[PDB]
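Take a look at this one chain, the form deposited in one PDB entry, written out in structure tokens.
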């Protein structure tokens, strides 16, 4: 069955790597925003999350939809967990200078996201009109984040998310997360947990974000340090993740008229994939020749998650992305059946 999956992956590789002026239109827009933000008092320390993440694609079937993250370092940050949610936090300050750069967004001890987002939108709003280069128009749809969405000409779309960066130890609710010890090693888990973490808005609560960790794992993904560095140990982890992402997008596109799959997104698929990486830590369990079987492990596991309504966040295991209060039974049963139909029909959404 690996023949059809290879073709899907090769078509997908060709649209990725095909010459496109898109990422260059995005970089120029972003560079201007960053310069204008930087000469403002609240945003002096603003920058891009990854330098080279102008062409950062969440949607693997839409090469004109980009997603970028602007970060702002918050020293001496004081976090308070909201309502035992494990993942949502009030942000207050230890306060070294009474007025650090973010003072103008406080309400009491607590940092206001809505007010910080409003000034961020407005500054960006005042630089879009200033643009003489290309056709740029922004759209404000609710949710909190992705905060600002810019449309460059007819096809190019960019989501801009503002995130706070903290360089201190990850919050206690991550303690039992990142369960990579038996796969990538305990040492690697330590090195990654020494990296910063982020907070995005989503009640003026912020949500922990570990965006930046996926690139770190995906580029160094084997139990063997030489995974995918020769022909004797080529594995299919990356391809399985891409095929899972493309499955959800195609299903979401096929059923955009109904509402049942609106709660699901690629991070649900990413999460479930990395849980299978923990379950199956050996490179031999990810042999390239076994693409078809391995993809089926991933599908099977994700379907198990839907039916039991349990999908643990990868960093904060007590958080169930599939709880009833987050996604109702109807939605999960609808997705379960659509995937079964794909699985038992040699995945028709791939040849279309």
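For clarity, a rigid core is taken as the largest C-alpha set superposing within 1.5 Å between two forms. Residue numbers count along the first chain shown, from 1.
Just so you know, the form deposited in another entry exists too; it's not on screen, but the next bit is about it.
Checking 145, 250, 166, 280 for C-alpha shifts of 2 Å or more between this form and the one not shown, after the rigid core is superposed, gives a single hit: 145.
Once the rigid core is overlaid between this form and the one not shown, residue 10 does not reach a Cα shift of 2 Å, moving by less than that. Once both forms are fitted on their rigid core, the CA atom of residue 54 lies 2 Å or more apart between this form and the one not shown.
In summary, the C-alpha positions of residue 113 and residue 146 converge in that other deposited form, ending up at least 3 angstroms nearer each other than in this conformation. In that other deposited form, the Cα-Cα separation between residue 146 and residue 90 shrinks by 3 Å or more relative to the displayed conformation.
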